[PDB]
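All remarks here apply to the structure that follows.
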Amino acid sequence: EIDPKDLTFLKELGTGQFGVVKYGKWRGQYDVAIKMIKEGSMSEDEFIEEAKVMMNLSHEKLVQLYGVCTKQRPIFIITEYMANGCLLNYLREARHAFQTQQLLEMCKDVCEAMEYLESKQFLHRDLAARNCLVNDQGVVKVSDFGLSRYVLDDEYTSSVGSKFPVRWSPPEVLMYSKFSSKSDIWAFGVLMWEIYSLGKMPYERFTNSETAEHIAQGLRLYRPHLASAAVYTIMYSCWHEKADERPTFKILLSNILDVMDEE
Ligand SMILES: Cc1c(NC(=O)c2ccc(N3CCCCC3)cc2)cccc1-c1cn(C)c(=O)c(Nc2ccc(C(=O)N3CCN(C)CC3)cc2)n1
């Protein structure tokens, strides 16, 4: 529990699923981002109880939760500050003119965070470039892991909703609501595709409906130009029709390191 007296709001960073997000200072020294939770957007009591578990989740490649302000409405979620914002927008800026080695490093950053979460049996459920952030040193970190469970918007949580992550979901999620470590694995493969295609929308010429049909037929995303045979094999391995044939994040990390050494 952070005392709100220790927080200074400085600028607005934008709006997400839970409302306004601000940049500020913690104890007059530390850069922070602060979610101001819009009343009605979150299952607040449930979040508050889980907050402890999530505060114990500490990894260099996870956006660090610093604390909460819950003795007030609206409640605050105080986190690490990531100066360069959203990985998706970051990818779409042509000026960065990324080398492929830099692209693979983004993949490795995320894979490292996901391996940690996997070892803690903790699912993200909404892994995508939009939900990764970039700090001042170009380091990519995974944001809002596990927070999907507290969203009240039916357009987001329902498979047929307009905001559901259809293009990042394996067939068994869309057809059966079968969520597992292997559904996070699938989404990671799609994230790799996002990175290597420099922020293109997956299945960019299809609707959400057509995408579901496509992956049910055993068909998959094409190799991004910038991805080698080896890089494509890795992301593709994440998209095996049988969930238990998909790799673990530990195996993926090993494969990424291999490619780094080889290419
Ligand atoms: C994270 C974030 C959001 N989005 C959400 O809050 C949200 C997203 C999904 C969601 N769902 C439900 C739960 C499961 C996942 C899906 C719920 C909430 C909105 C606005 C800012 C930040 C933000 C945060 N943090 C922790 C930051 O550090 C940060 N930093 C920024 C830094 C710079 C910019 C910026 O303005 N630019 C423009 C100039 N460029 C040079 C740099 C980037 C923006 C954000 N922004």
Side-chain angles (χ1 to χ4, degrees), residues 10-17 21-24 30-35 59-64 79-117 124 126-145 165 167-168 184-205 220-236 238-239 249 252-253 255-263:
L10 296 177
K11 71 160 180 281
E12 185 168 312
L13 294 168
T15 302
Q17 188 68 45
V21 186
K22 306 229 178 183
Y23 164 75
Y30 308 106
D31 292 327
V32 292
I34 309 164
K35 287 170 149 58
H59 193 276
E60 313 69 48
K61 303 299 169 65
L62 288 173
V63 176
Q64 185 70 61
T79 68
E80 194 179 350
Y81 174 65
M82 304 292 287
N84 284 317
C86 182
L87 175 65
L88 187 51
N89 291 86
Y90 199 68
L91 283 162
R92 288 170 174 180
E93 289 163 318
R95 53 184 181 83
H96 300 307
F98 297 110
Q99 298 193 250
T100 63
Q101 179 58 255
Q102 291 171 283
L103 297 180
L104 199 53
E105 294 184 311
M106 300 176 183
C107 292
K108 187 170 80 68
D109 286 346
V110 175
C111 193
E112 284 176 8
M114 291 315 292
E115 203 226 305
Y116 176 83
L117 290 184
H124 193 299
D126 199 357
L127 184 62
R130 63 182 174 275
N131 291 323
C132 296
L133 294 173
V134 186
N135 78 358
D136 62 313
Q137 297 303 307
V139 177
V140 181
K141 302 187 190 204
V142 174
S143 179
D144 300 320
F145 39 96
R167 298 155 194 271
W168 291 261
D184 271 4
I185 292 284
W186 182 287
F188 177 78
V190 181
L191 170 50
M192 290 194 62
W193 190 94
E194 293 189 85
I195 293 169
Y196 271 86
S197 72
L198 301 173
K200 283 175 180 162
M201 186 181 64
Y203 319 91
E204 57 173 349
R205 300 182 172 278
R220 302 292 185 261
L221 293 155
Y222 63 92
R223 179 189 63 77
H225 282 301
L226 290 173
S228 64
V231 172
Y232 189 51
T233 296
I234 296 170
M235 65 178 77
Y236 197 97
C238 297
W239 310 322
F249 282 112
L252 285 165
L253 182 57
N255 301 340
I256 288 168
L257 290 163
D258 277 343
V259 174
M260 289 194 169
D261 283 349
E262 290 172 349
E263 312 195 339

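The basis for the numbers below is simple: all heavy atoms, side chains too, and nothing from hydrogens, waters or symmetry mates. Starting from 1, each residue takes its place in the sequence as its number.
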Query - Test salt bridge (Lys or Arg N to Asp or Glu O under 4.0 Å) applied to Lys61 - qualifying residues, sequence neighbours left out - result: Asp109, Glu112
Query raised in the report: Would a 4.5 Å heavy-atom cut-off, applied to side chains only, mark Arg167 and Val190 as touching?
Result: no
Query raised in the report: Going by heavy atoms in the side chains, are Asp184 and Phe145 under 4.5 Å from each other?
Result: no
Query raised in the report: Once you round to the nearest 0.5 Å, how far does NZ of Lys108 lie from CD of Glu115?
Result: 11.0 Å
Query - Shortest non-hydrogen contact between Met201 and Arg92, atoms and distance - result: N-NH2, 4.3 Å
Query - Reported OH-to-CG distance for the pair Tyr232 and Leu221, which is rounded to 0.5 angstrom - result: 7.0 Å
**Report entry** Pairwise side-chain contact, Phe98 with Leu226, heavy-atom cut-off 4.5 Å (strictly under)
**Finding:** no
Query raised in the report: Heavy-atom distance under 4.5 Å between the side chains of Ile185 and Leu252, does that happen here?
Result: yes
Requested in this report: Could you tell me whether the side chain of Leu198 reaches within less than 4.5 Å of the side chain of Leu103, counting heavy atoms only?
Outcome: yes
Requested in this report: Calculate, to the nearest 0.5 Å, the distance between atoms NE2 and CG belonging to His96 and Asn84 respectively.
Outcome: 6.5 Å
Report task. Identify the heavy atoms of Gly189 and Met235 that sit nearest to each other, and give their distance. Result -> O-CB, 3.6 Å
Query raised in the report: Can you find a heavy atom in the side chain of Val140 that is under 4.5 Å from one in the side chain of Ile195?
Result: no
Query raised in the report: Of the non-hydrogen atoms in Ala129 and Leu91, which two are nearest, and what is the gap between them?
Result: CB-CD1, 4.3 Å
Query raised in the report: salt bridge (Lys or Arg N to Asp or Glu O under 4.0 Å) with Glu93: which residues, sequence neighbours excluded?
Result: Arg95
Report task. Compare every heavy atom of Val134 with every heavy atom of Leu87, then report the nearest pair and how far apart it is. Result -> CA-CG2, 3.8 Å
Query raised in the report: Would you call the rings of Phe249 and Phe188 parallel, tilted or perpendicular if under 30° counts as parallel and over 60° as perpendicular?
Result: perpendicular
Query raised in the report: For the atom pair SG (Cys111) and CG (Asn255), what is the distance rounded to the nearest 0.5 Å?
Result: 8.5 Å
Query raised in the report: side chain to side chain donor-acceptor pair (under 3.5 Å) with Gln102: which residues, sequence neighbours excluded?
Result: none
Query raised in the report: Is any side-chain heavy atom of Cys132 closer than 4.5 Å to a side-chain heavy atom of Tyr90?
Result: no
Requested in this report: Verify the neighbour count for atom CD of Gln99: are there more than 12 heavy atoms of other residues, nucleotides or ligands below 6.0 Å?
Outcome: no
Query raised in the report: Is the backbone N or O of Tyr196 less than 3.5 Å from a side-chain atom of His225, with the two atoms forming a donor-acceptor pair by type?
Result: no
Requested in this report: With sequence neighbours excluded, tell me which residues meet salt bridge (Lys or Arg N to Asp or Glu O under 4.0 Å) with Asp144.
Outcome: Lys35
Query raised in the report: Do you know the tightest heavy-atom contact between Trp193 and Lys200?
Result: CZ3-O, 3.5 Å
**Report entry** Interatomic distance, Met82 atom CE to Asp31 atom CG [nearest 0.5 angstrom]
**Finding:** 12.0 Å
**Report entry** Contacts of type ring pair (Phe, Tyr, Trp, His ring centres under 6.0 Å), residue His59, not counting sequence neighbours
**Finding:** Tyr116
Query raised in the report: What residues form a salt bridge (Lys or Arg N to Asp or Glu O under 4.0 Å) with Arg130, not counting sequence neighbours?
Result: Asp126
Query - Student check: side-chain heavy atoms of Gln101 and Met260 closer than 4.5 Å - result: yes
Query - Exceeds 12 heavy-atom contacts within 6.0 angstrom, atom OH of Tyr222 - result: yes
Report summary line: For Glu194 and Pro202 the tightest heavy-atom approach is CG-CG, 4.2 Å
Query raised in the report: So how far is it from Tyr23 OH to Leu10 CG, rounded to the nearest 0.5 Å?
Result: 5.5 Å
